[PDB]
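Remarks on the structure that follows.
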Amino acid sequence: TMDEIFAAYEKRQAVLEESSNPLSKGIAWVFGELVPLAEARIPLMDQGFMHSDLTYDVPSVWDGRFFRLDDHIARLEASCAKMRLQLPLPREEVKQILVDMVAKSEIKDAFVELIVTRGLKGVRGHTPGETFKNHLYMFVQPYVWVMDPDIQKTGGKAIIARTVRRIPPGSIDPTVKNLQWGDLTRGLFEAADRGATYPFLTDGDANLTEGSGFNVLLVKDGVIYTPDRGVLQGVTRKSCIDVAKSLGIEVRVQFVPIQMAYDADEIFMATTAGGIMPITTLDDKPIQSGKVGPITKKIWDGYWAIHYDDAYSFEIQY
Amino acid sequence: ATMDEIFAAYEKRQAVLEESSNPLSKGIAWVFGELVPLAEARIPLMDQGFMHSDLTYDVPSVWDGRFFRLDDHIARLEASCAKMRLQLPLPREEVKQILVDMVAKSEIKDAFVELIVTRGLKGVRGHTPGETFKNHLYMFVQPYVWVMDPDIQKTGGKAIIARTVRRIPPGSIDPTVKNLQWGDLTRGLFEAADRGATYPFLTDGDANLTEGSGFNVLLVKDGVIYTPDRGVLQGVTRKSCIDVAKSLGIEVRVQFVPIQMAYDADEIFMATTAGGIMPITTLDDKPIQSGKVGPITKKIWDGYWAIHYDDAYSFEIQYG
Ligand SMILES: *Cc1c(COP(=O)(O)O)cnc(C)c1O
Ligand SMILES: *Cc1c(COP(=O)(O)O)cnc(C)c1O
């Protein structure tokens, strides 16, 4: 369970922390060249920095196993299509370069990110009939924890953000994974100001959405609820629905009034970085007993169980 | 002053620049204390200004070798940094000193200048709330950018009231904080291109006018200028319009502008540093009034480029 998975990770991290490979700290792919992540440089005029005109996606590899890589690359392709972007490399070649980068980095628990930007020329002065010269950036990095393992044992502190709302879909489509974190960064600052660690943003219409890079799932009377609109369709949320269906628990991706967060039995977040992240304190008050809930634990175990299932992952050779 | 005169003098200076041997005449950038040609300027990939676009920016201008309202732009950059808990990593006068030096080295007489202040290498997510960040500074000067080409400014451009996208509300991102998160604006540009236009006008989502893809919108109706107050960036060119209009006896109202006023307006013109005053003569595939640039637009156009040579609004750059 939690102790077993975390213990094995801390052993793997000890091996990585005393490695001599300079790429063990990170590796990046820029225009066909592999460089240490610290030595990664992009053009200043790239429209992915100029106007954040890009999409991105983050797969993960745990214990040397890429977790649901097909799903993330498929979502990256869908996001590119929605923003009139093209994946600059074939999907299978992108997969192969990712395994090669991870293999050279020797990292077994890694944070992997792919970024597809508009290029050096913007959309303002664009002659119709031409397409854009989109750019591709990729890098591998040690596994990032939105919630540390020790905190996952006891649950974290969350607030319902009052000073900031989620960017509506009519402005930016949340189903397109974007790096425009204006509202999310504001939510993080508010959470820090209010003695918490995780912000939950409202839909602006008294509905729940998501937080600073994670989906929110409520548990109430044996049924799981998660917001449908205004949110990114997370892969970890997709894994939660898969695990729950195998456990006989049904998840309802529907409109969630914000009051349900205060009346819920359990609350937990989901993202590729932290994984399953239970929340035990809401608005400086414990959820129920102040401890991680039962349904949260079953989903936690199932999520990390399918990390070793060949149907959801494949092994990397070092 | 005179539209033909100003454009003629500009194109003459541009002819000198286009056949120059200086490799920096195409652009020069300041990255971590180093001066480099604009084309080969590189930033760290892990910079949180690229990772999560957690930054601010601002654009001063240099016309005919004169920095235009640099103090106003630098003050707005500091105010934007303060609002999102950022600090200008260098003293205000040193930032001014390098900017004049960069323009002088580039030999560019009509320049687009941009300053970018990013969060740094460490993000805000996993950061101890008690420590401060080592913010980064990037700046570069580039040949003057035209959101509207001079030939088109004589006759005006085509604008649409965006139907597929709304402006990001202030409750999500404060528009007074000049940001590069152009999700809605890029969507507006795509819609304008799809609808046979060049400039999108975005609504606030509440049947009110706001702004466009990097420019303020100003309507003139029955001799009075109207411009949206909330949901927009307080542009320096818009502030210059208010100064010029006040000097011309024209009344400007920074108030809430219902979208209906754009269809009932006598003249429409946009404002941004990258281009100056940009009249709009066709809105939603329909002529505005006479199909030509209006009188009030021309009076404001002349006054805007007039104060570009006024010592109260500008200062001269000593070249080599
Ligand atoms: C990608 C993303 C998610 C979902 O993360 P998965 O690991 O894909 O479940 C949630 N919120 C934001 C802002 C995201 O960008
Ligand atoms: C830069 C910008 C403007 C124009 O500001 P000036 O100081 O007038 O150039 C207007 N709206 C937005 C959104 C901008 O980014």
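All Cβ positions, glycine included, derive from the backbone under ideal geometry; neighbour counts span all protein chains shown. No lab work stands behind these numbers, since they all come straight from the coordinates.
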Amide H neighbours of A:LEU120 under 5 Å, at least 5 residues apart or on other chains, H built in the peptide plane: list them.
A:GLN47
What nm distance separates the two modelled labels at A:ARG84 and B:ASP284, each placed 7 Å from Cα along Cα→Cβ?
2.2 nm
Modelled label reach - B:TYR263, point 7 Å along Cα→Cβ, segment B:159-187 residues with backbone N closer than 13 Å
B:161-163
Estimated [θ] at 222 nm from DSSP helical runs (n ≥ 4, -39500 (n - 2.57)) normalised by residues in the protein assembly as shown, nearest 500:
-9000 deg cm²/dmol
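Can you tell me the mean projection area, over all orientations, of the convex hull of the protein assembly as shown's alpha carbons? Units nm², please. Before the final figure, lay out each step's value.
Numbers: hull surface 115.1 nm².
Mean projected area of the Cα convex hull: 28.8 nm².
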Karplus 3J(HN,Hα) series, Hz, for segment A:188-194 with 6.51 cos²θ - 1.76 cosθ + 1.60 (x for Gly, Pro)
4, 4, 5, 4, 5, 5, 9
Which ³J(HN,Hα) values in Hz, rounded to whole numbers, follow from the phi angles of segment B:234-241 under the Karplus curve 6.51 cos²θ - 1.76 cosθ + 1.60, where θ = phi - 60° and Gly and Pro get x?
6, x, 5, 5, 5, 5, 5, 4
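For segment A:89-190, would you read off the P(r) tail past 22 Å as a percentage of all alpha carbon pairs? Don't skip to the answer; put the middle values down first.
Details: 3014 of 5151 pairs.
Beyond 22 Å sits 59 percent of the P(r) for segment A:89-190.
Based on the inverse mean of 1/r over its pairs of different Cα atoms, what is the Kirkwood hydrodynamic radius of segment B:145-320, in Å?
16.3 Å
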Pop the C-beta distance of B:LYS134 and B:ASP71 into the FRET formula with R0 = 41 Å and round what comes out to the nearest 0.05.
0.95
The long-range amide H neighbours of B:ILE161, using H built 1.01 Å from N in the peptide plane and a cut-off of under 5 Å, are B:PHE201, B:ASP284
Linear extension gain, B:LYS122 paired with B:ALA306, 0.36 nm per residue minus alpha-carbon span
61.8 nm
Suppose each label sits 7 Å from its Cα in the direction of the beta carbon; what would the A:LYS153-B:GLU40 distance come out to in nanometres?
5.4 nm
Using only the alpha carbons of chain A, determine the length spanned along each of the three principal axes and report them from longest to shortest in whole angstroms.
54, 46, 37
Give the Debye-formula value of log10 I(q)/I(0) at each listed q (0.16, 0.26 Å⁻¹), with one equal scatterer per alpha carbon of segment B:76-117, two decimals each.
-0.49, -0.93
Can you sort A:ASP183, A:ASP173 so the residue with the fewest Cβ neighbours within 10 Å comes first?
A:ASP173, A:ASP183
Derived scalar couplings ³J(HN,Hα) [segment A:160-165; Karplus, 6.51 cos²θ - 1.76 cosθ + 1.60; whole Hz; x for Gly, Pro]:
8, 4, 9, 8, 9, 10
When all Cα-Cα pair distances of segment B:79-147 are considered, the percent exceeding 19 Å is 45 percent
State the Cα centre-to-centre distance between segment A:198-265 and segment B:163-209 in whole Å.
29 Å
Where in segment A:48-89 does the amide nitrogen come within less than 14 Å of the point 7 Å from the Cα of A:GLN233, taken along Cα to Cβ?
A:71-82
Expressed as a whole number of Å, what is the distance separating the alpha-carbon centroids of segment B:94-127 and segment B:51-71?
8 Å
Choice from A:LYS297, A:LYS153, A:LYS245 showing the highest fluctuation, given a GNM over chain A with Cα pairs closer than 10 Å
A:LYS245
Amide H to amide H under 5 Å from B:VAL113: which residues, 5+ apart in sequence or cross-chain, H placed 1.01 Å off N in plane?
B:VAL62, B:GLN142
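D for segment B:1-144, whole µm²/s, Stokes-Einstein with Kirkwood Rh over alpha-carbon pairs at 4 °C and 1.567 mPa s: what number? Please report the intermediate quantities before stating the final value.
Values: Rh = 16.4 Å.
Result for D is 79 µm²/s.
Quick check on the exposure proxy: order A:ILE159, A:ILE151, B:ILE168 from fewest to most C-beta atoms within 10 angstrom. Before the final figure, lay out each step's value.
On the way: A:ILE159 22, A:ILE151 17, B:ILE168 29.
Ranking A:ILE159, A:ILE151, B:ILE168 by Cβ neighbours within 10 Å, fewest first, gives A:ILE151, A:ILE159, B:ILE168.
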